[PDB]
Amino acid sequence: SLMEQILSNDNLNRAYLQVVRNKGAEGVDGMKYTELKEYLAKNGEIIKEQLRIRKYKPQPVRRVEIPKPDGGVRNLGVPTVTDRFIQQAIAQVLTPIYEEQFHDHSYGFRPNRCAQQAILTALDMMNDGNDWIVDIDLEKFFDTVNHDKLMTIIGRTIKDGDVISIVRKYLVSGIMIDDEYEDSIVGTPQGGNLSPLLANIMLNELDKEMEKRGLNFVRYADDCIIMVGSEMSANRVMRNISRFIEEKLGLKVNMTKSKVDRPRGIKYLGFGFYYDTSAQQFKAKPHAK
């Protein structure tokens, strides 16, 4: 089934070209993206054999700390360029499968989708009267997700045990989500060939629960806002959805950072919101950083 699709010459050549295009910092092995071509010419068949027999061992991600202007630090986990290549090859096959399942109001790390589309959808909801915002803050997905629960969800769709095996090994390696979009940055995420898709597979369960409740929401990776018509309803939604996230998905809601507010109080994907009194419409613009 899927492993041979992932390892096909066609898919691997596409993954190689993408990873070279994406460049990026070296992982723990010190290998630069400019060395991948020659490395694969020598070792590509060995690597394919190891993957086929479940003996390929991903390298741990390299932890990189980047200063944020507000005095915080952004954490990045950089896979080796070989692992970015394999992750890309996996994602190229898994992405079309899951695109058929995903909700139209999920916008993070998906083909032809971006943060601005989430903003515009949320604005339309706000301007329809749903201007009480439920802003649920989750602890970092890959710091808190239970690997068994995630792999079980993935297993509902993906029956190839060889693919299951290697995806689990990448979770263990420390793959994570580059959150630079929170600073309004646009561009290729570092270390994100596969981890954002895996987060979306899990969080698609939240999308389905919110759709079952008839809620108006947008989501970008693990950052969701829900648009509601009244404070009382927003408080109920906050309580019910936070309970679902913790009990069903096994994720962790930071209740202190989560809040109900009006749009002026919301910071989302680098944007803030304001009421344009000429247009008589909420609009959005980059918030101060």
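Note that residue numbering follows the sequence shown and begins at 1.
K.L.:
Do at least a third of the other entries of this protein fail to model residue 222?
P.N.:
no, residue 222 modelled in all other entries.
K.L.:
Checking the other PDB entries with both flanking residues built, is residue 66 absent in a third or more?
P.N.:
Yes, left without coordinates in at least a third.
K.L.:
Mind pulling up the entry and telling me whether 102-110 or 67-75 has the higher mean Cα temperature factor?
P.N.:
For C-alpha atoms only, the mean B-factor is higher in 67-75.
K.L.:
Could you check the entry and say whether 149-157 or 173-181 has the higher mean CA B-factor?
P.N.:
Mean CA B-factor is higher for 149-157.
K.L.:
Of the options 188, 165, 127, 121, which has the highest CA B factor as deposited?
P.N.:
Each of 188, 165, 127, 121 was compared by C-alpha B-factor; the highest is 188.
K.L.:
In the PDB entry, which of 262, 62, 248, 48 has its C-alpha at the highest B-factor?
P.N.:
If I rank 262, 62, 248, 48 by C-alpha B-factor, first place goes to 248.
K.L.:
For residue 210, does the deposited CA B-factor place it in the lowest, middle or highest third of the chain?
P.N.:
Answer is middle: the recorded C-alpha B-factor places it there.
K.L.:
With respect to C-alpha B-factor, does residue 277 fall in the lowest, middle or highest third of the chain as deposited?
P.N.:
Bottom third by C-alpha B-factor.
K.L.:
Based on the deposited C-alpha B factors for this chain, I'd like to know if residue 232 is in the lowest, middle or highest third.
P.N.:
Ranked within chain, residue 232 CA B lands in the highest tercile.
K.L.:
Report the third (lowest, middle or highest) to which the CA temperature factor of residue 135 belongs, ranking only the modelled residues of the same chain.
P.N.:
Middle third - that is where residue 135 ends up once the chain's C-alpha B-factors are sorted.
K.L.:
Lowest, middle or highest third: where is residue 87 by Cα B-factor in its chain?
P.N.:
For residue 87, the deposited C-alpha B-factor lands in the lowest third.
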